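Below you will find one chain, with nothing else, as structure tokens; this is the form deposited in one PDB entry, and questions on how it binds or moves follow later.
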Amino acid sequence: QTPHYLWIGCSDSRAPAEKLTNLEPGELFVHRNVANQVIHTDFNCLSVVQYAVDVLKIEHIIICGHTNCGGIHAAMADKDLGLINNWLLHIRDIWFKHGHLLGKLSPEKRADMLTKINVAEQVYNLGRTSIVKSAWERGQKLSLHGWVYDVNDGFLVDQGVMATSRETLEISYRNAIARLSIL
């Protein structure tokens, strides 16, 4: 009967999409990876993103991050854990990009802050893929969402990110970071 909502969660056995949502079982494409990333040059993910947009003709993509997250912790620490270092170097660039903002916060609160920046940045990445641009620019309906789940509090009434167009992607992304920067 076909799925209508793509979820991109973290491999960290978190965002049991199934369970966190509770919508219609069978209408949820899922992809999971360490720190729930959308990297410009990742076939794996983009391939999913493609199948979901072009083929299954989906109109929603949630990227969902979470707090107390292994990728983020791994990303912030130094242990060279092999391949995963490469993968997380992308997250470390995000940390550098917002170093100033993060660069003044109880270090405890930094992991959770970075979890949030990240969800914004991946939506921003997602939104700049040819896949998605093409789709919008050809008049197809597609909405993007960035949410952060916490095991204690549920979903944070945060600067979510929300993008239904190239123009809205921008505002949203900016607003998101703008909003996170206040302290």
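Residue indices: 1-based, along the sequence shown. Take the two forms, superpose them, and find the largest set of C-alpha atoms that agree within 1.5 Å; that set is the rigid core.
> Would you tell me which stretch averages the higher CA B-factor in the PDB entry, 24-32 or 120-128?
Between 120-128 and 24-32, it is 24-32 that shows the higher mean C-alpha B-factor.
> When the C-alpha temperature factors are averaged for each of 39-47 and 151-159, which stretch ends up with the higher value in the entry?
Looking at the record's C-alpha B-factors, the answer is 151-159.
> Tell me which of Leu89, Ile72, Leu83, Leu105 tops the list for C-alpha B factor in the record.
Highest C-alpha B-factor among the listed residues goes to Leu105.
Unshown form deposited in another entry; subsequent notes refer to it.
> With the two forms fitted on the rigid core, I'd like to know which residue in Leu28, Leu156, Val53, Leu46 is displaced by 2 angstroms or more at its CA between the shown form and the other one.
With the rigid core superposed, the residue that stands out is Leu156.
> Say whether the C-alpha atoms of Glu167 and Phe155 sit closer together or farther apart in the other form than in the form shown here, given that their separation changes by 3 Å or more.
Compared with this form, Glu167 and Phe155 lie farther apart in the other form.
> A 3 angstroms or greater change in CA distance between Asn36 and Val157 is reported in the other form. Closer or farther than in this form?
Between the C-alphas of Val157 and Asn36, the gap narrows in the other form (3 Å or more compared with this form).
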